[PDB]
Amino acid sequence: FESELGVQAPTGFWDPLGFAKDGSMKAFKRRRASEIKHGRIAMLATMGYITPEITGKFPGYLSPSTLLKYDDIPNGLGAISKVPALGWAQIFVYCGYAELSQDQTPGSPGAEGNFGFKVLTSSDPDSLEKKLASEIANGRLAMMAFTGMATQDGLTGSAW
Amino acid sequence: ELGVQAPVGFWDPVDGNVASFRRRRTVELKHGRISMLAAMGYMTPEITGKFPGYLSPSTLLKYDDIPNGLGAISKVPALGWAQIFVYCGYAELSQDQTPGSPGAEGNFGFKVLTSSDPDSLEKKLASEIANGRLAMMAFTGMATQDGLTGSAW
Amino acid sequence: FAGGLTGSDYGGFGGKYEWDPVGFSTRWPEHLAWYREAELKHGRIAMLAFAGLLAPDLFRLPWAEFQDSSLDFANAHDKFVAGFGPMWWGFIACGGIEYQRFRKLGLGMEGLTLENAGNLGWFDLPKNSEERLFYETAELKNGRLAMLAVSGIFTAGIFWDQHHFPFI
Amino acid sequence: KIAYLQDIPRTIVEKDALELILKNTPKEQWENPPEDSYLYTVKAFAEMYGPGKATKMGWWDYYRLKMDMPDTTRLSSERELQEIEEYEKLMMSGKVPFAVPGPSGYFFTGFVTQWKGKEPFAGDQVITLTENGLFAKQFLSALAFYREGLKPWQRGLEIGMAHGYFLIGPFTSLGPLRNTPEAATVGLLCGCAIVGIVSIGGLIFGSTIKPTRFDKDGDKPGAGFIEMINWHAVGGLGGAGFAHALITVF
Amino acid sequence: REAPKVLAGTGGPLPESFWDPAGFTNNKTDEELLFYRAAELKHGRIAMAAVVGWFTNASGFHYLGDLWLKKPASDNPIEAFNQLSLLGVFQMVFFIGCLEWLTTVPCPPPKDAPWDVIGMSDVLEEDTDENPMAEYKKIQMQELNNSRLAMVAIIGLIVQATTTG
Ligand code: CLA
Ligand code: CLA
Ligand code: KC1
Ligand SMILES: CC1=C(/C=C/C(C)=C/C=C/C(C)=C/C=C/C=C(C)/C=C/C=C(C)/C=C/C2=C(C)CCCC2(C)C)C(C)(C)CCC1
């Protein structure tokens, strides 16, 4: 496989470690499904750190019983022990459904990153590859940005 | 057909298909039912009081000690609302939308529509969805009231 | 099974249950009218009995003899019947209603059949013909449940000394 | 139809009970019930008491008759008769409803294991789960003694390694010198001695019985078995030494 | 259904109710569905033994582990795992590793019924008509329904133990 949505321009078929010399045709889609899912999580993850930094923490109470003004929970690592395990369980449940929804089993329409969002469905103006490639490329950038951001929040100690 | 109403048309300045509308319809009716349950559910801890009582887990003879519209918690009934959440899932995994051949039909277990009073299609199917839409806005508006405008009444 | 009586049908995950595991219907088919009449009348009274035990706890009748505390479900009976009392007021009332049932089905209840059983004729809410079938099963299913419910209420409440809605 | 089974008074036997009798009794016995069969008593009495016959009995005679007839509960119903008629059919067809012994009894596992083997008259071909199941067959076939493609010395080496490694334990522990500072070299020597003794026995077997299932074509008979036994001795030495080395080092 | 017919009449609350309220089986091939069952039965069979092992250990019977540690280990099975000597755990892993190797490579189950690790399919009938036998489908239900209950049961034990003691 050398002609999918991943080959943008600055690098060609970038497989230095040779996962494609033996990458089966379904393995590409499986790994592509992994890449699309990873990239979309990273975009949500990145927003989830840069947005509470500039925009203040949620005006609210997070847990109506355990006094969480969103300000005692820091933006970054360590918030895992600050957010309640149930608010952690409830986001785990919500993400649990989002895959136990319309299936992403091998060969299913959910297995190539298609789920039915269609926020940006341009009327096929030679832009379906543009939006697809942009999502993949941004997800690749978001994953790299997050890992640096995670190391930023860890090695320094807090936030950035 | 179905939920098309009278004061407005298809009200789609944004689905607009068949299969996608069917899934959206299932979401619409589902959200409608909960709001109607929640709206009338919120008015009851008000007049008629916090009706509950009897021997409950860590809440024996609890007169629905979960106060306010949000319910709070503090091991008062709201922890028992998780049992409502769990048993709500049981009906959501047994009498669900995957075997729900029409939009949001659960085969009418109660048979209320078998001439007991509701009817198939026509106004009743349109009245259910329209009432659900009103309650969903009402429940959300009631959520704003409890948050920053006192309590319900 | 049991004539055309609606105890079965519309009865859960299976459409029809037909629970007669002693054969009291096949062995005594002439009494299917009597059994329905008894089963229904048991359900209606039990449902009023369960809804009974709860409402005196909030409102009390203006008879001014029942208007006294400590008359729970373990002492109200033996207290009201006097040297006559309120219990005879209820019993006379039940006689008036039960006499009406005699007139409709004759003195020996000869007119009692497998379709008029437990049908006093009070039709205000029901509509159509299939709903009457649906409502008749809804009647019994509620009625049979309350018959076991008040049975548990009376036994558990007086054994464990509860005397109130939790009955525990 | 049969004469005495018609118009029989209900007082002699009830209708349902009589039908149950007729169902339980085989059809060929209706005409002349054998003897000591409830139907025999029904015939011997219904031909004496009935509409055209003696219509009355003494109280004691009727009491004794009522204790000779079935009491409507000692007779198998239709489903029980089906159970028997099908269980016997299974048993005679060479299939056994699989059962497993328990606390003085057996639980039926609800499985039909075909019992008679390919040779139905052969006594050792009756197929059981523990010897003729897929796992049992593949486990026995994959043993060193049976594994396909193994040279005889390889089978001997594998079996000997197993035996030599195992045989050290019973001596180095709970042995005569179990508490001595060494307590394991003694076990090593005893295990090697046991391996040598059983290898000598195998050599006796191969020089007397001379199995020829391991010999390659055109070889001295029993040569494969002798090679297997010699390499079992070598493997026993090796396994004993390896177990001793592990015990001493660790 | 087509392909889910190979695992038909074997799940749901009642035996013939294909539950799947997520579409995890539709569009999947026959071998994949059979492999999904092989995962289900293997999880359930271990779960059944796991629950039994949990209860015989949470009541006070941990002989091998009381005689190896020379002290009565704690009744809490999660905490008793830590106290159990590391030699015992490694041997426990190795024994299961040998069993998992044994079933897979040397004595593989068939490809049409990948859960027949004992291999009854070569002596079983499963398609006869006798009543006092041929209830093998019913005993398949009891294995699956019990095992499914054991799966959620053992998770409840671990989750509650690791959280609310
Ligand atoms: C979850 C991560 C993930 C996965 C599954 C994929 C998967 C894929 N990418 Mg991809 N990619 C990723 C991340 C990922 N990518 C990131 C972060 C970038 C930005 C650098 C890219 C940039 C990129 C380009 C430019 C192209 C692809 C292409 C592809 C496809 C074929 C190549 C292949 O087999 O890659 C398999 C990938 C993996 C097996 C990931 C293994 C990662 C190793 C184990 C670690 C790498 C070092 C890591 C950064 C260390 C982190 C440090 C940490 C420990 C502290 C395939 C669908 C090509 C394509 O679409 O061809 C048609 C293509 O042209 N990707
Ligand atoms: C290892 C787990 C596992 C696996 C692989 C299967 C596999 C299967 N089940 Mg099954 N089941 C399980 C556990 C499992 N089951 C448990 C625990 C229960 C009890 C509720 C059931 C109850 C059940 C019913 C009632 C039925 C099946 C059926 C089936 C078959 C259809 C495929 C299917 O449903 O999805 C296969 C794929 C999965 C099950 C994916 C596993 C679940 C994913 C990973 C998400 C779950 C994560 C969870 C929410 C969080 C974990 C903690 C949790 C305990 C709270 C298939 C062979 C149907 C069948 O064959 O009937 C004919 C059917 O009707 N199952
Ligand atoms: C342990 C005590 C017990 C209770 C407490 C109980 C309760 C109910 N059983 Mg039940 N039951 C058994 C015992 C008990 N059942 C046993 C041992 C068997 C095997 C012979 C059995 C079988 C059936 C069948 C075949 C049906 C059935 C019914 C109902 C029903 C109605 C609900 C509704 O219709 O309102 C309720 C409340 C019908 C059904 O609807 O089940 C939902 C029906 O078809 N049951
Ligand atoms: C208890 C149990 C069981 C059983 C088990 C068994 C049976 C085991 C066995 C085991 C064994 C039995 C093991 C063994 C091993 C062995 C080894 C591991 C060996 C090795 C050896 C070696 C290595 C050697 C080498 C050498 C040689 C060959 C010669 C020269 C010298 C040398 C030394 C080099 C069962 C399952 C039933 C159940 C329950 C559990």
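Residues numbered from 1 in each chain as written, not as in the entry; some residues may be left out. Chains lettered and ligands numbered in written order. Part of a larger assembly, values for the part shown. Heavy atoms only, no water. Residues with missing side-chain atoms left out of burial classes, pairs and counts.

Method of determination, as annotated in the archive: cryo-EM, at 2.70 Å resolution.

Caption draft 1: Examining the overall build of chain E more closely. When helices and strands are tallied, chain E shows 5 helices and 0 strands. Moving toward the C terminus, one meets the helices and strands of chain E in the order α-α-α-α-α. Whereas a compact globule of 165 residues would reach a radius of gyration of roughly 15 Å, chain E reaches 19 Å, over 25% beyond that. By principal-axis analysis of the C-alpha atoms, chain E measures approximately 55 × 40 × 35 Å. In chain E, the proportion of contacts linking residues at least 24 apart, taken out of those at least 6 apart, comes to 59%. (Helix = DSSP H or I, 4+ residues; strand = E, 2+ residues; numbered from the N terminus. Rg over C-alpha atoms; globule rule 2.2 N^0.38 Å. Contact = heavy atoms within 4.5 Å.)

Caption draft 2: The site of ligand 4, seen in detail. Around ligand 4 lies a shell formed by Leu157, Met161, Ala162, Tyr165, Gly238, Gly239 and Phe242 of chain D together with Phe95 of chain E. Residue neighbours of ligand 4 fall on chains D and E, so the site bridges chains. For ligand 4, the protein covers 35% of the area, taking 960 Å² as the surface of the free molecule. Secondary structure elements with two or more residues in the shell around ligand 4: α7 (152–167) and α10 (223–249) of chain D. Top contributing element to the shell around ligand 4 by residue count: α7 of chain D, with 4 residues. Of the residues assigned to the shell around ligand 4, the class counts are 6 nonpolar, 2 polar and no charged. (Near = heavy atom within 4 Å. Areas by Shrake-Rupley, 256 points an atom, 1.4 Å probe, with all protein chains shown as cover. Nonpolar A, V, L, I, M, F, W, Y, C, P; charged D, E, K, R; others polar.)

Caption draft 3: Representation of the interface of chain D and chain E within the structure. In this assembly, 23 residues from chain D lie in contact with 24 residues from chain E. Residue contributions to the side of chain D that touches chain E peak at 6 residues, all from strand β2 (residues 105–114) of chain D.

Caption draft 4: Summary view of the packing of helix α1 (residues 15–24) of chain D against helix α2 (residues 38–46) of chain D. Residues and elements named next belong to chain D. Where α1 contacts α2, the two axes come as close as 10 Å, and the packing angle between them is 125°. Accordingly, the angle class assigned to the pair α1 and α2 is oblique. Two packed elements cross with a definite hand, and for α1 against α2 that hand is left-handed. For the pair formed by α1 and α2, the contact residues are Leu18, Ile21 and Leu22 on the first element and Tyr38, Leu39 and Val42 on the second. Among the residues forming the contact of α1 with α2, the class breakdown is 6 nonpolar, no polar and no charged. (Axes fitted to C-alpha atoms, helices over the stretch in contact; angles between N-to-C directions. Parallel < 35°, antiparallel > 145°, perpendicular 65-115°, else oblique. Left-handed = near helix turned anticlockwise from the far one by under 90°.)

Caption draft 5: Inspection of the site of ligand 1 at higher detail. Residues and elements named next belong to chain A. Near ligand 1 you find 18 residues, and of these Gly6, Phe13, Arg32, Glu35 and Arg140 are the closest. Taking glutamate 35, its side chain carries an N or O atom lying 3.1 Å from a nitrogen atom of ligand 1. Elements with a contribution of two residues or more to the shell around ligand 1: α1 (25–54) and α3 (128–156). (Polar contact = N/O pair within 3.5 Å; in protein donor to acceptor, adjacent residues only side chain to side chain.)

Caption draft 6: Representation of a nonpolar patch on the surface. Residue and element names in this part refer to chain A. On the surface, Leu77, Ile80, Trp88, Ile91, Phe92, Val93 and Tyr94 cluster together to form a nonpolar patch covering roughly 800 Å² of accessible area. Within the secondary structure, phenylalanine 92 sits in helix α2 (residues 85–100). Taking the relative accessible area as the measure of exposure, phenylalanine 92 reaches 65% and is therefore exposed. (Patch = residues over 30% accessible without salt bridge, like charges linked within 9 Å, V, L, I, M, F, W, Y side chains within 5 Å. Salt bridge = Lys/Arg side-chain N within 4 Å of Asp/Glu carboxyl O. Buried < 20%, exposed > 50% of the residue type's maximum accessible area, 1.4 Å probe, protein only.)

Caption draft 7: Structural context of the environment of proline 170 of chain D. Residue and element names in this part refer to chain D. You can see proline 170 is positioned in helix α8 (residues 169–172). Note on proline 170: relative accessible area 40%, which makes it partly exposed. C-alpha separation for the pair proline 170 and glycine 187, spaced 17 residues apart in sequence, amounts to 7.6 Å.

Caption draft 8: Just the nonpolar core, in detail. Counting 17 residues, the largest nonpolar core has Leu5, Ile8, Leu18, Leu39 and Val42 of chain D as the members making the most contacts within it. Counting residues per element, the ones that place at least two in this core are α1 and α2 of chain D. In this structure, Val51, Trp54, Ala150 and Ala161 of chain E belong to the second largest nonpolar core, which totals 7 residues. (Core = buried A, V, L, I, M, F, W, Y, C linked by side-chain atoms within 4.5 Å.)

Caption draft 9: Region of interest: the side chain of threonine 113 of chain D. By the secondary structure assignment, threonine 113 of chain D is in strand β2. A relative accessible area of 7% places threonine 113 of chain D in the buried class. If near-sequence neighbours (up to four positions away) are discounted, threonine 113 of chain D is found in contact with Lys95, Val96 and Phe98 of chain D together with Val123 and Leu124 of chain E.

Caption draft 10: Representation of the arrangement of the chains in the model. The pair of protein chains exhibiting the most contacts, out of 5 pairs of chains in contact, is chains D and E. Taking C-alpha atoms only, the smallest gap left between chain B and chain D, which are not in contact, amounts to 30 Å.

Caption draft 11: Seen up close, the packing of helix α1 (residues 30–58) of chain E against helix α5 (residues 136–162) of chain E. Residues and elements named next belong to chain E. Where α1 meets α5, the closest approach of the two axes is 7 Å, and the angle between their N-to-C directions is 55°. The orientation of α1 relative to α5 falls into the category oblique. Crossing of α1 against α5: the hand is left-handed. On α5, the residues touching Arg37, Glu40, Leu41, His43, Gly44, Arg45, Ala47, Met48, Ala50, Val51, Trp54 and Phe55 of α1 are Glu143, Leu144, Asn146, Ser147, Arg148, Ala150, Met151, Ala153, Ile154, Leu157, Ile158 and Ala161. Residues belonging to the contact of α1 with α5 are distributed by class as follows: 15 nonpolar, 4 polar and 5 charged.

Caption draft 12: Structural detail: the pairing of strand β1 (residues 95–102) of chain D. Residue and element names in this part refer to chain D. Of the strand pairs in this sheet, β1 and β2 are connected by 7 bridges, and their pairing is antiparallel. The residue bridging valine 96 from the neighbouring strand is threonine 113, located in β2. Between β1 and the antiparallel strand that follows it, β2, lie 2 residues; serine 104 among them carries a positive phi value of about 60°. (Pairing = 2+ DSSP bridges.)

Caption draft 13: Summary view of α1 of chain E. With 29 residues, α1 of chain E ought to run about 42 Å at 1.5 Å a step, and its terminal C-alpha atoms sit 41 Å apart, in line with that. Backbone geometry just after α1 of chain E places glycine 60 of chain E at a positive phi near 125°. (Expected span 1.5 Å × (residues − 1).)

Caption draft 14: Seen up close, the state of the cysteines. Residue and element names in this part refer to chain D. Under the definition given, this model contains 0 disulfides over all chains. Looking at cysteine 190, it has no disulfide partner, and the nearest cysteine sulfur is the one in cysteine 192, 9.4 Å off. In this structure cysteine 192 comes out as partly exposed when scored by relative accessible area, which is 24%. (Disulfide = S-S within 2.5 Å.)

Caption draft 15: Spotlight on the packing of aromatic side chains. A complete count under the given rule lists 15 aromatic pairs over all chains for this structure. A centroid spacing of 6.4 Å and a plane angle of 40° characterise the contact between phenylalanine 10 of chain B and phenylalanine 21 of chain B, whose relative ring orientation is tilted. What makes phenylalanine 21 of chain B buried here is its relative accessible area of 9%. Relative to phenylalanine 214 of chain D, the ring of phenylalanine 145 of chain D has its centre 4.9 Å away and its plane inclined at 85°; by these criteria the two rings are edge-to-face. Here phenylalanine 214 of chain D lies in the loop between α9 (185–208) and α10 and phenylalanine 145 of chain D lies in the loop between α6 (134–141) and α7, a separation of 69 residues in the sequence. Residue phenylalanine 145 of chain D is classed as partly exposed on the basis of its relative accessible area, which comes to 28%. (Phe/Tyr/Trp six-rings, centres within 6.5 Å; stacked < 30°, edge-to-face > 60°.)

Caption draft 16: Structural context of the environment of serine 70 of chain C. Residue and element names in this part refer to chain C. Relative to the helices and strands, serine 70 resides in the loop between α1 (32–54) and α2 (76–80). Under the relative-accessibility criterion, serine 70 is labelled exposed at 53%. In this view, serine 70 contacts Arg60 and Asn75; residues no more than four positions away in its chain are not counted.

Caption draft 17: Layout of the side chain of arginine 32 of chain A. In this fold, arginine 32 of chain A is placed in helix α1. In this structure, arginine 32 of chain A is in contact with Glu4, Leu5, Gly6, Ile136 and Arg140 of chain A, ignoring residues within four places of it in sequence.

Caption draft 18: Representation of unusual backbone geometry. All names here are of chain B. Notably, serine 58 is not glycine yet its phi reads approximately 60°, a positive angle. Positionally, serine 58 belongs in the loop between α1 (19–43) and α2 (78–94). Phi at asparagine 68 is positive, roughly 70°, even though this residue is not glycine. Looking at the element boundaries, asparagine 68 is found in the loop between α1 and α2.

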